[PDB]
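Chemist: Please find the sequence and an experimentally derived structure below.
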Amino acid sequence: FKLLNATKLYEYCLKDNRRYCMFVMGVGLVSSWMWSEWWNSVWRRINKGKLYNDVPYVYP
Amino acid sequence: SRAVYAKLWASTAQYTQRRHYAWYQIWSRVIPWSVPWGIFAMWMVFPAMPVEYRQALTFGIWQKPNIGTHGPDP
Ligand SMILES: CCCCCCCCCCCCCCCCCC(=O)OC[C@H](COP(=O)([O-])OCC(O)COP(=O)([O-])OC[C@@H](COC(=O)CCCCCCCCCCCCCCCCC)OC(=O)CCCCCCCCCCCCCCCCC)OC(=O)CCCCCCCCCCCCCCCCC
Ligand SMILES: CCCCCCCCCCCCCCCCCC(=O)OC[C@H](COP(=O)([O-])OCC[N+](C)(C)C)OC(=O)CCCCCCCCCCCCCCCCC
């Protein structure tokens, strides 16, 4: 709690509700995309050699 | 005295100017709400734009998701 209070996130971004909303919207925007790309990478990591890209078709 | 009554009468002559000042104050308090809602507008309308414009507006950070399909054909 001392660490968090030292970052002064409350003073600058959460004590005023207009800024609270700005924070919510922007953090949403960025976090969603990071989460998405991370799950993409996991989905490619677990399924290696099973997906379409990993095993090209070779013509006869 | 005429002088004092004149001053008291004149105290409110500039009603319209004070009302313009009030307009200014309330709009200054209100207008920052445009930023949250602006971000959300852009959030919703970003995937409607051309792929090139998505790449440009994010300074090249955004790229087509990689889900392991529709790769090149030799
Ligand atoms: C970690 C520890 C844990 C902590 C825990 C703490 C607790 C909190 C949790 C935190 C942990 C993480 C949690 C994960 C959260 C995130 C995941 C998440 O939320 O996903 C949700 C997830 C959403 O997934 P998705 O939507 O598929 O995600 C796709 C992505 O969003 C992909 O979509 P996209 O890519 O299409 O997105 C587009 C995006 C794309 O985003 C990007 O690409 C942005 C890139 C971001 C980069 C990041 C930067 C920051 C990092 C930098 C590093 C700094 C370095 C310094 C520091 C280090 C070094 C010192 O772009 C935008 O948004 C628009 C751009 C910006 C707009 C603003 C305009 C700016 C203009 C720019 C001007 C400048 C000039 C430009 C012009 C060019 C010329 C000059 O949920 C779902 O999938 C849905 C669930 C189903 C539920 C439905 C809901 C209910 C509905 C029912 C309602 C019906 C009932 C009635 C009503 C009921 C009412 C009650
Ligand atoms: C006050 C605001 C009220 C907002 C109410 C609006 C709610 C209904 C929104 C419908 C949007 C439909 C857009 C038409 C274009 C086709 C969409 C589509 O599916 O395209 C294919 C695309 C995908 O394309 P594709 O892969 O199918 O192929 C076509 C490729 N492009 C798009 C490049 C041509 O699908 C989407 O991305 C879904 C559309 C998301 C857009 C959502 C827009 C929301 C609008 C709200 C903004 C409000 C801001 C405030 C404004 C107030 C001003 C006074």
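Modeler: Nice, thanks for sending it over. Residues are numbered from 1 along each chain as shown, chains lettered A, B, ... in the order given. Ligands and ions are numbered 1, 2, ... in the order given.
Chemist: and the longest helix for chain A?
Modeler: helix A:17-46 (DSSP state H).
Chemist: Do any residues in that one lie close to ligand 2?
Modeler: No: on the criterion Cβ under 6 Å from any ligand atom, helix A:17-46 is out of touch with ligand 2, staying 13.2 Å away. C-beta coordinates here come from the backbone N, C-alpha and C atoms, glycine included.
Chemist: Flag every buried residue along that helix.
Modeler: Across helix A:17-46, burial judged by 16 or more other Cβ atoms under 10 Å in any protein chain shown covers A:21, A:22, A:25, A:44.
Chemist: so what secondary structure elements neighbour it?
Modeler: For helix A:17-46, the packing partners by 3 or more Cβ pairs under 8 Å, 6 or more residues apart in numbering or on different chains; DSSP states H and E come out as helix B:34-45.
Chemist: what's the angle between the helix it packs on and helix A:17-46?
Modeler: Helix B:34-45 and helix A:17-46 meet at an angle of 30 degrees, taking axes from the mean of the first three to the mean of the last three Cα atoms, to 10 degrees as the criterion.
Chemist: Where does chain A get nearest to ligand 2, residue-wise?
Modeler: residue A:25 (13.2 Å; Cβ to the nearest ligand atom).
Chemist: and the residue nearest to that residue when sequence neighbours are not counted, how many neighbours does it have?
Modeler: Once flanking residues are discounted, residue A:25 sits nearest to residue B:39: 4.3 Å by Cβ to Cβ, 6 or more residues apart in numbering or on different chains. As a burial measure, residue B:39 scores 17 neighbours (other Cβ atoms under 10 Å in any protein chain shown).
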